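Scroll down for the structure; my scribbles are underneath it.
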Amino acid sequence: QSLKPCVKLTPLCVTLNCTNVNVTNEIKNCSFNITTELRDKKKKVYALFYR
Amino acid sequence: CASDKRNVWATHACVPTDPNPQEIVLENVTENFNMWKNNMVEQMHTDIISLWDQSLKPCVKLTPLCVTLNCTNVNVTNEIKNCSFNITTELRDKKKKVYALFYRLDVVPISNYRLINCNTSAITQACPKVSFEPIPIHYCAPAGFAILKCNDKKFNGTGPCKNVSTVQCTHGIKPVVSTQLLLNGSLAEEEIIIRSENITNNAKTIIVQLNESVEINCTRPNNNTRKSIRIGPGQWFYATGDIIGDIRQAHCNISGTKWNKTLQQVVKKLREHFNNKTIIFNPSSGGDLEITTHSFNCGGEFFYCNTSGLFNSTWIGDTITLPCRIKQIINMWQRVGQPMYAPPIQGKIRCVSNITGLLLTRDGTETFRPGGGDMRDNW
Amino acid sequence: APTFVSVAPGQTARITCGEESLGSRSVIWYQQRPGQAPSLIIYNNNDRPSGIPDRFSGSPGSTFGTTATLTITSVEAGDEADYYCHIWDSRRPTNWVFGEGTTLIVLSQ
Amino acid sequence: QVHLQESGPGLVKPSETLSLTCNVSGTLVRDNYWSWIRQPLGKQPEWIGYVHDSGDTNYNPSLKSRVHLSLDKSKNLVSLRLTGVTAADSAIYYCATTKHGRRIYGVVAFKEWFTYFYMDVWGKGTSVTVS
Ligand SMILES: *[C@@H]1O[C@H](CO)[C@@H](O[C@@H]2O[C@H](CO)[C@@H](O[C@@H]3O[C@H](CO[C@H]4O[C@H](CO[C@H]5O[C@H](CO)[C@@H](O)[C@H](O)[C@@H]5O)[C@@H](O)[C@H](O[C@H]5O[C@H](CO)[C@@H](O)[C@H](O)[C@@H]5O)[C@@H]4O)[C@@H](O)[C@H](O[C@H]4O[C@H](CO)[C@@H](O)[C@H](O)[C@@H]4O[C@H]4O[C@H](CO)[C@@H](O)[C@H](O)[C@@H]4O[C@H]4O[C@H](CO)[C@@H](O)[C@H](O)[C@@H]4O)[C@@H]3O)[C@H](O)[C@H]2NC(C)=O)[C@H](O)[C@H]1NC(C)=O
Ligand SMILES: *[C@@H]1O[C@H](CO)[C@@H](O[C@@H]2O[C@H](CO)[C@@H](O[C@@H]3O[C@H](CO[C@H]4O[C@H](CO)[C@@H](O)[C@H](O)[C@@H]4O)[C@@H](O)[C@H](O[C@H]4O[C@H](CO)[C@@H](O)[C@H](O)[C@@H]4O[C@H]4O[C@H](CO)[C@@H](O)[C@H](O)[C@@H]4O)[C@@H]3O)[C@H](O)[C@H]2NC(C)=O)[C@H](O)[C@H]1NC(C)=O
Ligand SMILES: *[C@@H]1O[C@H](CO)[C@@H](O[C@@H]2O[C@H](CO)[C@@H](O[C@@H]3O[C@H](CO[C@H]4O[C@H](CO)[C@@H](O)[C@H](O)[C@@H]4O)[C@@H](O)[C@H](O[C@H]4O[C@H](CO)[C@@H](O)[C@H](O[C@H]5O[C@H](CO)[C@@H](O)[C@H](O)[C@@H]5O)[C@@H]4O)[C@@H]3O)[C@H](O)[C@H]2NC(C)=O)[C@H](O)[C@H]1NC(C)=O
Ligand SMILES: *[C@@H]1O[C@H](CO)[C@@H](O[C@@H]2O[C@H](CO)[C@@H](O)[C@H](O)[C@H]2NC(C)=O)[C@H](O)[C@H]1NC(C)=O
Ligand SMILES: *[C@@H]1O[C@H](CO)[C@@H](O[C@@H]2O[C@H](CO)[C@@H](O)[C@H](O)[C@H]2NC(C)=O)[C@H](O)[C@H]1NC(C)=O
Ligand SMILES: *[C@@H]1O[C@H](CO)[C@@H](O[C@@H]2O[C@H](CO)[C@@H](O)[C@H](O)[C@H]2NC(C)=O)[C@H](O)[C@H]1NC(C)=O
Ligand SMILES: *[C@@H]1O[C@H](CO)[C@@H](O[C@@H]2O[C@H](CO)[C@@H](O)[C@H](O)[C@H]2NC(C)=O)[C@H](O)[C@H]1NC(C)=O
Ligand SMILES: *[C@@H]1O[C@H](CO)[C@@H](O[C@@H]2O[C@H](CO)[C@@H](O)[C@H](O)[C@H]2NC(C)=O)[C@H](O)[C@H]1NC(C)=O
Ligand SMILES: *[C@@H]1O[C@H](CO)[C@@H](O[C@@H]2O[C@H](CO)[C@@H](O)[C@H](O)[C@H]2NC(C)=O)[C@H](O)[C@H]1NC(C)=O
Ligand SMILES: *[C@@H]1O[C@H](CO)[C@@H](O[C@@H]2O[C@H](CO)[C@@H](O)[C@H](O)[C@H]2NC(C)=O)[C@H](O)[C@H]1NC(C)=O
Ligand SMILES: *[C@@H]1O[C@H](CO)[C@@H](O[C@@H]2O[C@H](CO)[C@@H](O)[C@H](O)[C@H]2NC(C)=O)[C@H](O)[C@H]1NC(C)=O
Ligand SMILES: *[C@@H]1O[C@H](CO)[C@@H](O[C@@H]2O[C@H](CO)[C@@H](O)[C@H](O)[C@H]2NC(C)=O)[C@H](O)[C@H]1NC(C)=O
Ligand SMILES: *[C@@H]1O[C@H](CO)[C@@H](O[C@@H]2O[C@H](CO)[C@@H](O)[C@H](O)[C@H]2NC(C)=O)[C@H](O)[C@H]1NC(C)=O
Ligand SMILES: *[C@@H]1O[C@H](CO)[C@@H](O)[C@H](O)[C@H]1NC(C)=O
Ligand SMILES: *[C@@H]1O[C@H](CO)[C@@H](O)[C@H](O)[C@H]1NC(C)=O
Ligand SMILES: *[C@@H]1O[C@H](CO)[C@@H](O)[C@H](O)[C@H]1NC(C)=O
Ligand SMILES: *[C@@H]1O[C@H](CO)[C@@H](O)[C@H](O)[C@H]1NC(C)=O
Ligand SMILES: *[C@@H]1O[C@H](CO)[C@@H](O)[C@H](O)[C@H]1NC(C)=O
């Protein structure tokens, strides 16, 4: 019940471009495209994810 | 409830009325009433919100319209923007360019504009077959309980009532929504009654009930047409089409003489709580359109009217015309994040309402201003 | 530039002007005899100035979606002139030019 | 009866200044709106602008930078000045009085109305050629 009233991440099921360039000398630095509040626009964003 | 298509407040979630309601006078009964501690108010407020929300569930969301709009004024005037944009069709692989007129108040600049709520929430359009005309709702007691009614003619908000009758239930109450003036309510029987929780505070509102109504004539003079746009598989959007004839401003008409008599009487009775000080009235001091103007639903359109032409006077020991604005995207009961889109209504709109009361507040000569957006005060 | 129409003497002429009205209008009609400065026939849709006879009248400006019309009944030889039209419209910018007129040809000279 | 008698150079050269005069008789220039109309041959007329006292003067936007209008109250003349004349300016020019009135369609308090103008008294005009 507690998880019903909130955001689904189905819009994030896109291909990610992931590297380790600035992380270590386990965690990946991934870039990907997302939607914005405007349906005709997309932008590239970055996030870290655990392997 | 007890009450008696598809009206927004006719969900049939509750029973029909008693064709012959009963009332029993209780001789020799004194009862202490307090309208400010009355939990029937909270009950009504909650039920109204629920009926509203239930009624808006089964219909089209406008999230597919959150696109950039290209808006101009090329064929409108020598407040309304002519916007073009792309939409989906029932075929997911196709898009088409469409045109619609929008009111300036519903559109915010960022390929120039966006709808006002696209970065905060989903806009749901009103279900097109559902009217917003108030239906009287009676509130009736369950087994084991009783509702007592006060019959003292000069009773204000609190204190002992010397004439108490028991009823099966209340009279029907119309869920009229308004922000500065009260419309279509009950009238006082003998005199204007000023009710407040604390007349000497500034933190409390004052409800003034009139014993005589004042008519207000409101109109939307533009001959707007309706255009139906297909967004998807049975998903229709209703856009304002073109406008036939002149572009004119919406307005309301109040008789000058009745308004002045009404104020003389309101002031006369206000001087009974206040010392013999100069009393002045001013326009609402600030906030957004919902609070600074008098809003109402007239035939399905949402009007906001400028009342500075009424609350502008000083009291010591013709026709008034109020200009108005129209909006299609609204957020009722201060619920942020839950906008609704009112589809345009085809043809001209006119309605006549009864001003039956006022909502006033005080500034920290005494100053009074219209106001109070908290719906519990209307109920 | 002008539209050409013709009538027999005694017939009614129908002269049109401009595009469809958008809002309330005030149409002004003028007449030009070849070789002469033009003069006013109708102002404010149907108010003729002194000196203009009842045979000249026009369409109302109260309607929408139609063009201006000038009606001349009982057309005579003295009505052979170009008719010009200047239209004011509440939803349009001021027209600084006249629209193309109509030449009224009176037959059987 | 108002008579408007026009005069001017007749022939001007390209890039020159065209200055026409309307000699007003039967009325004083200060009590009327004045306007100028020009009619290229074979074309319907064009309204240049109008002039009056109290600053109530306006111009055809295409000529606004080129045309200057004024009223000489000492001479009872209406002046029309057009600069940078070209081939397109050859036209018959006319002096006319202007009357005005108002069309009201909505609420006057909200200014739902407009001023309109019409030309009742016309002069004979003058023919102007630009070399
Ligand atoms: C809240 O309260 C407010 C305020 O009280 C209300 O606001 C009112 O709203 C109404 C409409 O909603 C407005 O009505 C319009 O008024 C204008 C103005 O009319 C006035 O002036 C006329 C003459 O003025 C001119 O001539 C005089 C002469 O000396 C000159 O001095 C002056 O400077 C000027 O040059 C008067 O004749 C007229 O009186 C007549 O009408 C009265 C109406 O009630 C009537 O009571 C009188 O007895 C008398 O009959 C008045 O004083 C009107 O012009 C306008 O009507 C025309 O325009 C509309 C819009 O398109 C159109 O639908 C009408 O059919 C009409 O159009 C005809 O006339 C045009 C003239 O320009 C012409 O161009 C058209 O082609 C057409 O003519 C054809 O038909 C006529 C029919 O007779 C025919 O004779 C012609 O030959 C031809 O065939 C409206 O009446 C109010 O003005 C406005 N009040 C204010 C103060 O703004 C508000 O509505 C209320 N709100 C609510 C919710 O209730
Ligand atoms: C489409 O929209 C445009 C833009 O608004 C509009 O054009 C405007 O038209 C009005 C009315 O013709 C013009 O207003 C007149 O302006 C003159 C002076 O203007 C000066 O100041 C302005 C300021 O912007 C300048 O732009 C301009 O260049 C000038 O410097 C005023 O003197 C006029 O006032 C008289 O007429 C009024 C009625 O229209 C009266 O209410 C007023 O009391 C005055 O009349 C009285 O005095 C007169 C003289 O004694 C007398 O003869 C009268 O009988 C009466 O007693 C007026 O304010 C406005 O400037 C135009 N704007 C532009 C940018 O050109 C179009 O007309 C409109 N078209 C349609 C179809 O709606
Ligand atoms: C305070 O109390 C006041 C008095 O009760 C209220 O004023 C009243 O408000 C109501 C609701 O706005 C007004 O009722 C509307 O009146 C419209 C005018 O119609 C006129 O002409 C009709 C011609 O046949 C005639 O039958 C009417 O009797 C009247 O003379 C009506 O059109 C409107 O109808 C609505 O409901 C119908 C129910 O079946 C529906 O069929 C109508 O459909 C039409 O419109 C839709 C719009 O999309 C079209 O799609 C349809 O094809 C069709 O064209 C329509 O939905 C309704 O009856 C009432 O007139 C008014 N009284 C006065 C004196 O004006 C105040 O509003 C209250 N105050 C507040 C704040 O609420
Ligand atoms: C928004 O619509 C306007 C419509 O006016 C476009 O602007 C120009 O409109 C004229 C109208 O005749 C066209 O001839 C021009 O070609 C249009 N401009 C261009 C660059 O095509 C305006 O461009 C539109 N904006 C968008 C984002 O489409
Ligand atoms: C969604 O966009 C609107 C419009 O840009 C934002 O509203 C503005 O918010 C700022 C915050 O200071 C105000 O100053 C502006 O006056 C607001 N504009 C309007 C038109 O009201 C809104 O805050 C944005 N919402 C989110 C969640 O970012
Ligand atoms: C006390 O209140 C009762 C109502 O509860 C009043 O009784 C009503 O009086 C009117 C007078 O016209 C009748 O029409 C109603 O039918 C009566 N109602 C009932 C339920 O009987 C009574 O008059 C009030 N008494 C006083 C002293 O105010
Ligand atoms: C607005 O107030 C008027 C006057 O109080 C109401 O009209 C009358 O109300 C009485 C109530 O007993 C009826 O008996 C009359 O027959 C009504 N008049 C007419 C002409 O029918 C009016 O109904 C009120 N309007 C609203 C919306 O409540
Ligand atoms: C409503 O009427 C009641 C009854 O008169 C008022 O209550 C009295 O208020 C005074 C204020 O000093 C007290 O001293 C009395 O003891 C109160 N009476 C009772 C029975 O409690 C009440 O203040 C009035 N309210 C308004 C806004 O008029
Ligand atoms: C009604 O409002 C008055 C005025 O604000 C209240 O009186 C004040 O009460 C506070 C409480 O300590 C005092 O400090 C102030 O000095 C009082 N002001 C005056 C003018 O007496 C009053 O208490 C309120 N009554 C209720 C029931 O809330
Ligand atoms: C608003 O405009 C509509 C559209 O013209 C008017 O209703 C009718 O629309 C049909 C569409 O074919 C026309 O054939 C009718 O002639 C129109 N009616 C009339 C009386 O002309 C509608 O009446 C207009 N509303 C108002 C109040 O003028
Ligand atoms: C609001 O509209 C009503 C009618 O719908 C107006 O009432 C009419 O007013 C005229 C004024 O001369 C009277 O002759 C009529 O007999 C009235 N009709 C009715 C049914 O009473 C009312 O005056 C309008 N209010 C305003 C402020 O203009
Ligand atoms: C209601 O209308 C009045 C004017 O009729 C507005 O008051 C004006 O507001 C502007 C805002 O810049 C001021 O510059 C003017 O000086 C004000 N006029 C007066 C007479 O004070 C008022 O703001 C409008 N109110 C609402 C809520 O829209
Ligand atoms: C309340 O009414 C007064 C009197 O009508 C208004 O006073 C006007 O204020 C403006 C401010 O620019 C002056 O230009 C006017 O000349 C004043 N009127 C008079 C008759 O002198 C006052 O503004 C009104 N208040 C509101 C909010 O509209
Ligand atoms: C994001 O979209 C842009 C659009 O050109 C594309 O070039 C880029 O490669 C996309 N990013 C990823 C990680 O796919
Ligand atoms: C709608 O889509 C077309 C596709 O080519 C595009 O050219 C047009 O600019 C879009 N319209 C807007 C207002 O973005
Ligand atoms: C719309 O975009 C054009 C492009 O330059 C800009 O000039 C104009 O000011 C913009 N208008 C708004 C409301 O952003
Ligand atoms: C409303 O109350 C006042 C009190 O002064 C009274 O004079 C007036 O007549 C009453 N109005 C009605 C309709 O009874
Ligand atoms: C209302 O009463 C006041 C009292 O001074 C007066 O000044 C004002 O003109 C009156 N208004 C009307 C509409 O009679």
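No lab work stands behind these numbers, since they all come straight from the coordinates. Don't worry about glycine lacking a Cβ; one is built from the backbone with ideal geometry, like all the others, and counts go over all protein chains shown.
When each of B:184, B:163, B:223, B:217 is tested for being within 16 Å of ligand 10 (Cβ to nearest atom) and not charged (D, E, K, R), the lone residue that passes is B:223.
Would you point out the residue of segment C:59-80, among those that are within 13 Å of chain D (Cβ to nearest Cβ) and of a type in the set (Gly, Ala, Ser), that is nearest to ligand 7 (Cβ to nearest atom)? Step through it out loud before you land on a result.
Going through segment C:59-80, the residues within 13 Å of chain D (Cβ to nearest Cβ) turn out to be C:60-64.
Subsequent filtering for residues that are of a type in the set (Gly, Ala, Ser) retains C:61-62.
On the way: C:61: 37, C:62: 32 Å.
Looking at the filtered set, the residue picked out is C:62.
Each row is one residue, and each column tells you yes or no for (1) farther than 30 Å from residue B:240 by Cβ; (2) within 14 Å of another protein chain (Cβ to nearest Cβ); (3) touching a helix residue (DSSP H, G or I) at 6+ places or on another chain (Cβ under 6 Å); (4) not β-branched (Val, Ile, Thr).
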residue	(1), (2), (3), (4)
B:24	yes, no, no, no
B:36	yes, no, no, yes
B:45	yes, no, yes, yes
B:48	no, no, no, no
B:54	no, no, no, yes
B:64	no, yes, no, yes
B:72	no, no, no, no
B:80	no, yes, no, no
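From B:198, B:211, B:253, B:217, which residue is within 16 Å of ligand 18 (Cβ to nearest atom) and either assigned to a loop (DSSP other than H, G, I, E, B) or away from chain C (no Cβ under 14 Å) (or both)? Even if it seems obvious, please write down each step before you answer.
Details: B:198 fails: within 16 Å of ligand 18 (Cβ to nearest atom); B:211 fails: within 16 Å of ligand 18 (Cβ to nearest atom); B:217 fails: within 16 Å of ligand 18 (Cβ to nearest atom).
After applying the criteria, what remains is B:253.
Within segment B:215-235, is even one residue closer than 30 Å to residue B:158 by Cβ and within 16 Å of ligand 17 (Cβ to nearest atom)? Please lay out each step first, then the result.
In the first step, residues of segment B:215-235 are kept if they are closer than 30 Å to residue B:158 by Cβ; the result is none.
Looking for residues that are closer than 30 Å to residue B:158 by Cβ and within 16 Å of ligand 17 (Cβ to nearest atom), one finds none in segment B:215-235, hence no.
Just to be sure before I move on: is residue B:116 within 14 Å of another protein chain (Cβ to nearest Cβ), away from ligand 2 (no atom under 16 Å from the Cβ), of a type in the set (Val, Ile, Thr) and surrounded by 18 or more Cβ atoms within 10 Å (Cβ to Cβ) in the structure I sent? Criteria met by residue B:116.
Give segment D:12-40 a look and list any residue that's of a type outside the set (A, V, I, L, M), in a strand (DSSP E or B) and either surrounded by fewer than 19 Cβ atoms within 10 Å (Cβ to Cβ) or out of contact with any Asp or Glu (no Cβ under 9 Å at 6 or more places or on another chain) (or both), or say none. Lay out the reasoning, then the answer.
At the first step, the residues of segment D:12-40 found to be of a type outside the set (A, V, I, L, M) are D:13-17, D:19, D:21-23, D:25-27, D:30-36, D:38-40.
Adding the requirement that they be in a strand (DSSP E or B) leaves D:17, D:19, D:21-23, D:25, D:33-36, D:38-39.
Matches in segment D:12-40: D:17, D:19, D:21, D:23, D:25, D:33, D:34, D:35, D:36.
Scanning segment B:18-77 for residues being of a type outside the set (D, E, K, R) and farther than 30 Å from residue B:111 by Cα gives a total of 32.
Let's see how each residue does on (1) of a type in the set (S, T, N, Q); (2) more than 16 Å from ligand 8 (Cβ to nearest atom); (3) out of contact with any strand residue (DSSP E or B) (no Cβ under 7 Å at 6 or more places or on another chain):
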position	(1), (2), (3)
B:63	yes, yes, yes
B:66	no, yes, no
B:69	no, yes, no
B:83	no, yes, no
B:93	no, yes, yes
B:100	no, yes, no
B:113	no, yes, no
B:134	no, yes, yes
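Residues in segment C:60-80 that are closer than 20 Å to residue C:45 by Cβ and in a loop (DSSP other than H, G, I, E, B): C:60, C:61, C:62, C:63, C:64, C:65, C:66, C:67, C:73.
Of the residues making up segment C:5-29, those that are within 23 Å of residue B:78 (Cβ to Cβ) and either in a loop (DSSP other than H, G, I, E, B) or within 9 Å of another protein chain (Cβ to nearest Cβ) (or both) are C:18, C:19, C:20, C:21, C:22, C:23, C:24, C:25, C:26, C:28.
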